[PDB]
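>
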Amino acid sequence: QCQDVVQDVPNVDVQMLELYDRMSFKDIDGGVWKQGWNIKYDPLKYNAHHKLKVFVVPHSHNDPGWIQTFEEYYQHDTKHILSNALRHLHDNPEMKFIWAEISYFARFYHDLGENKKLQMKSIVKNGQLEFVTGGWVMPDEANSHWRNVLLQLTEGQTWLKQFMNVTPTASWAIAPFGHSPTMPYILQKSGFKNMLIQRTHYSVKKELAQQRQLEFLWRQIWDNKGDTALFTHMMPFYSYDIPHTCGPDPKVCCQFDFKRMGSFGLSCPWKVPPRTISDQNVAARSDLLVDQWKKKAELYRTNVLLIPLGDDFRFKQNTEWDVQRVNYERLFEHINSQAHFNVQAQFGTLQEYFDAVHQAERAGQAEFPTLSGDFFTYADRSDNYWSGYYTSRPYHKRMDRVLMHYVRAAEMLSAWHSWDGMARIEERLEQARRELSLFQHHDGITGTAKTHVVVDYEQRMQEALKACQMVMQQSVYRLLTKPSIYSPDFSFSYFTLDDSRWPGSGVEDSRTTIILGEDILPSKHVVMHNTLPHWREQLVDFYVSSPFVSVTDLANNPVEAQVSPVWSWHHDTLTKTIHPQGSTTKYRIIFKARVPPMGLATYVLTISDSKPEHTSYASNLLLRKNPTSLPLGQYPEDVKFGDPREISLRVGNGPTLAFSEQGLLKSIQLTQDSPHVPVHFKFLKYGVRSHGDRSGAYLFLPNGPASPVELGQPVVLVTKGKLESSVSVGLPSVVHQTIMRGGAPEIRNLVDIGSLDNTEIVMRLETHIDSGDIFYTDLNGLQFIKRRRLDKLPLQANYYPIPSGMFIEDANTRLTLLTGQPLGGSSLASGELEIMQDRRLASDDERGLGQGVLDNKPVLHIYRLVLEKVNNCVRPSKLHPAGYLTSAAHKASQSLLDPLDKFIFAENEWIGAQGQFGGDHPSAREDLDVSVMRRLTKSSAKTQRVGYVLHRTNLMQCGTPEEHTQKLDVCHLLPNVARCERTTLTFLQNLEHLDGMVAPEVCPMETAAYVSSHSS
Ligand SMILES: CO[C@@H]1O[C@H](CO[C@H]2O[C@H](CS)[C@@H](O)[C@H](O)[C@@H]2O)[C@@H](O)[C@H](O[C@H]2O[C@H](CO)[C@@H](O)[C@H](O)[C@@H]2O)[C@@H]1O
Ligand SMILES: [Zn+2]
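Heads up: the sequence shown runs through residues 30 to 1045, numbered per PDB author numbering.
#1: For ligand 1, I want to know if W201 counts as a neighbour, meaning its beta carbon is within less than 8 Å of at least one of the ligand's heavy atoms.
#2: According to DSSP, simplified to helix, strand and coil, what is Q388?
#3: For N1019, write down the residues that DSSP places opposite it in a beta bridge.
#4: Kindly examine ligand 1 and report whether one of its heavy atoms sits closer than 8 Å to the Cβ of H208.
#5: How long is the line joining the alpha carbons of residue 10 and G947, rounded to whole angstroms?
#6: At which residues does the alpha helix (DSSP H) containing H481 begin and terminate?
#7: For ligand 2, list every residue whose C-beta falls under 5 Å from any of its heavy atoms, going in chain order.
#8: For the 8 Å Cβ check, are there 3 or more pairs between the region 673 to 690 and the region 649 to 656?
#9: Kindly examine ligand 1 and report whether one of its heavy atoms sits closer than 8 Å to the Cβ of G948.
#10: Can you list, in chain order, the residues of its chain with a C-beta nearer than 8 Å to that of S575? Leave out the 5 residues immediately preceding and following it.
#11: Report buried or exposed for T806, applying the criterion of at least 16 other Cβ atoms within 10 angstroms of its Cβ.
#12: Among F397, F361, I306, which one has its Cα closest to the Cα of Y329?
#13: Look up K108 in the DSSP assignment and say whether it is helix, strand or coil.
#14: Does the Cβ of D270 lie closer than 8 Å to at least one heavy atom of ligand 1?
#15: Have a look at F160 and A129 and give me their C-alpha separation to the nearest angstrom.
#16: Terminal residues of the continuous alpha helix (DSSP H) containing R228?
#17: Whole angstroms are fine: how far does the CA of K325 sit from the CA of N76?
#18: In chain order, which beta strand (DSSP E) runs of at least 3 residues are fully inside the region 79 to 162?
#19: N347: which of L914, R843, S112, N827 sits nearest, CA to CA?
#20: Report the three-state DSSP secondary structure of residue 1050 (helix, strand or coil).
#21: Quick one, are the C-beta atoms of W165 and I131 less than 9 Å apart?
#22: Touching or not, the region 526 to 537 and the region 948 to 964, by the rule of three or more beta carbon pairs under 8 Å?
#23: Is any heavy atom in ligand 1 found nearer than 8 Å to the beta carbon of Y727?
#24: So the beta strand (DSSP E) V959 belongs to, where does it begin and stop?
#25: On a CA-only basis, which of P737, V959, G60 is nearest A1037? Give me that one, please.
#26: Can we say the region 664 to 684 touches the region 618 to 629, given the rule of at least three CB pairs closer than 8 Å?
#27: With DSSP as the reference, identify every bridge partner of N559, one or two as the case may be.
#28: Of the residues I271, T261, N732, which one's Cα is nearest the Cα of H90?
#29: Considering only C-alpha positions, which residue in the set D169, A493, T542, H208 is nearest to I933?
#30: Alpha carbons only, please: which of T644, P587, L659, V633 is nearest the one belonging to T613?
#31: Based on the DSSP output, what are the partners of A77 in its beta bridges?
#32: Ends of the alpha helix (DSSP H) at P830?
#33: Note down, in chain order, each residue of its chain lying with its Cβ closer than 7 Å to the Cβ of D56, except the 5 sequence neighbours on either side.
#34: Terminal residues of the continuous alpha helix (DSSP H) containing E455?
#35: Only counting runs of 3 or more residues, tell me where the beta strand (DSSP E) segments fall wholly within the region 310 to 345, in order along the chain.
#36: Out of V431, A438, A452, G450, point me to the one whose CA is closest to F468's CA.
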């Protein structure tokens, strides 16, 4: 019996949307704890029979790229930190240290000699060095897709299991800029028992501290029973550095950071330095320190206190290890010996802290509150909300989503077979997983790194894309060639990938033309891959060197096709207009590909001397005053011209779209009879303040509501075809395109902010929909959370991450915008949606980056726009904190994130070609996905193992019967199954041995992992 994720509102002690509605968010001076209050404690609370247990946990925050590249930091800092940790921990058995970033640890460990590897394993086994989380990175939680959060977690933990024989069950996330419930969701399904967070809004820290609700059982917003709950510790103060981790007064705590006495080039901003601990000062020093600890302890419910001891790239110098250790040892010896303190203090690890907290809990000493919700948008002080990084460096945010899909497709396509080592499949896939995993870092996908570091991430991701292409095309060639003919050269390109949306038209001329001709080559095979576990039809397009091309399947059945020109937009620096030019030698052919679940389908493109029977030609209409001619070579339809005017289009029996004379949507009519529902696209601009704090890579600090972009009299191009129609317009900084293929439109924006300094370009949708102050945005592509616009907070506080979609609705109507890239957005007034496209900022925003954002480059953003009637849908109650997509919106999101892959055969003739793969694969219910298929064993293993991650979303019931689908049992996808086991999501622990070797499908909103074992 599945939990109902719609109709049962969970009863939790703290529900973050409710808390937000009630809180005042006043920013008052609290004294030494600037954002809190003067903490008081009863000195008699602790006595001989009830002592305060203090764990001082040394740590070093190591960014895998930020102000330097990964490799620069490794050479200049991290390799020294790890080498000196090994020495100092070895030599000082009571000293402890925690480590989070496995990318660096793997980088270090593989360069060690065997003697040192053994010493390292010994300090891990004995518990002195403890891994926390164990992901490749400490990821961003706002822009990251859940699939990539899982990918990087798995990459780090798989390394740790293999080399260190440990799997962390406690997570440490001190640095991401706000926190998502997607983390406890994944962690709890990956064996975790505890997690720690830090960067939450200062007003939230104060509110929860006042109620001693900083430790809580964090469950998902829809979880009525609580089975998703994960114990979470929120740190109370402004920073994770030493001045903000000993207690509420940083002027005091800074005196206990022994790296700040002068020789290290560090000091205390509060103007009182640390002093070396001696017998003559230890009593006074201890009195000050214990007083800070007892104040911090007032904020929590047990007698066990966590004191982190660290900062960025700490514990480098041998002298630094000594200065911190020897001074703390003198403090501990004094404090622990003076009964009047009633304290036992020691170095500890994160797990030791949590174990002691839960021991106290079981002793009946505390009960913990339940909580649901998220912790966006973060503000660290005053009105400084960190909503800028939801958009910064949008080219690379888009690249993340492209690479996400290519990693999935490469792992899936190659999983079907075992490969010889000489094929280098495992090598290429490990590289691709690791570069994508690295980019999940909270300075990677966030767009908060220095320019040269962004370039490094981009180069790494480009290499990863090439690796995925190589693995994919080798796999296609194996899956579709007669086995007794197959003769692979593992270095050769049998196919090249054709991608219509990355980097994109107008971004890079990267696509190959299929060159056909009577005197060269009459025809070409192309292959589509469908990574989703259901049959899919989708229009696909290729560039071809003639308009006279027709399409067949590999039974030689004709397939209806449409040919259109190849249009490119040019900023004519002579005429000062932006206008399209057509190619006279290449054309686009478009046709519907029908592809099996997790399968492949082959088609053939053939040239003829004249218009083929089954190919039609789009009309083209250029709307502008003072047109000039647009010749198109052999294209059989002449371009038409007109003055700008409103126009309407309808493809198939789908919606009718109306456009303004400037080429922007104005209305959607769902059916023949229905109203033309106002739905109006508009581009606006935000600026930057001329006084006070400046927007930068992290912060969005607008100088008021956005102002309309002045459009002039833009050139509009209308292409009308039987299969696909479009309206494209060259606006200042944006070539905006609305594409119609018979269902929800697709929007593409080619965004080039050029040299517009101190500008943020936003795309807004204006409707009539009576949404009031409510809107919905997603978290990590996993779930939709209810948002309430709060006029008591500034504009930038009402911006949230849009990692994959957002919607507004009233009783009758919903408008959903799905995205192919994470961007920031909001609903700033009833009936509106808006999403930021790019931002160019001249100033640094005082968070450590030390530059503006002046490295913008053209990016092609993609979207789907779904207007729907929802009066018949079974929706959650008004008090439920979640929302859910319809079938059409979810399919539209899948169309953006996991499109069909397209392969063009490279050579002239493909001997032994086959027409299809996977025609016998089950076509699963629309709400179920095989998020991951990964072969886990190399070819030398007697018993092959294949891992699957299944995810089931939850779609609204709206009265569409949508019938008969087949059960998907992933354990029988490969033959000769000998065992099927449910595992943690990282595949690292077996949870259940499955009867009949059958992997059951999962419940709505659940994710499960299975591993099948095969004897042949
Ligand atoms: C809030 O500013 C923070 O400053 C530190 C600078 O750290 C270095 O100087 C300090 C102060 S004397 C030393 O004690 C340290 O050991 C270092 O040498 C930044 O490194 C820190 O960065 C963190 O937050 C930013 C966002 O503000 C992230 O982008 C980054 O990933 C990191 O987590 C911060 O700038
Ligand atoms: Zn960091």
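We put the CB at the ideal spot given by N, CA and C, even for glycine.
Taking the coordinates as given:
#1: no
#2: Reduced to three states, the DSSP call for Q388 is helix.
#3: Looking at the DSSP assignment, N1019 forms a beta bridge with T1012.
#4: no
#5: With the chain covering only 30 through 1045, there is no way to say anything about residue 10.
#6: 480 to 508
#7: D92, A204
#8: Note that the region 673 to 690 touches the region 649 to 656; at least 3 beta-carbon pairs, one per stretch, sit closer than 8 Å.
#9: Taking 8 Å as the cut-off, one finds no heavy atom of ligand 1 near enough to the beta carbon of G948.
#10: Within its own chain, the residues whose Cβ lies closer than 8 Å to the Cβ of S575, once the five positions on either side in sequence are excluded, are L545, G546, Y616, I636, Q663, listed in chain order.
#11: Of the residues assessed, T806 falls on the buried side of the cut-off, its CB having 16 or more other CB atoms within 10 angstroms.
#12: The shortest C-alpha separation from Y329 is found at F397.
#13: helix
#14: yes
#15: 6 Å
#16: Segment: none, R228 is in no alpha helix (DSSP H) and carries neither H nor E.
#17: 17 Å
#18: 81 to 90, 126 to 128, 158 to 160
#19: Among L914, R843, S112, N827, the Cα nearest to that of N347 belongs to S112.
#20: The structure shown does not extend to residue 1050, since the chain spans only 30 to 1045, so no value can be given for it.
#21: A contact, by the Cβ cut-off of 9 Å.
#22: Segments in contact, no.
#23: yes
#24: 957 to 964
#25: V959
#26: no
#27: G628
#28: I271
#29: Selected option, being the one with the closest Cα: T542.
#30: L659
#31: Paired residues: none, contrary to the question.
#32: Per DSSP, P830 belongs to no alpha helix (DSSP H); it is in the beta strand (DSSP E), 829 to 831.
#33: So the list reads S411, once near-sequence residues are dropped.
#34: 454 to 468
#35: 333 to 341
#36: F468 has its Cα closest to that of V431, out of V431, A438, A452, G450.
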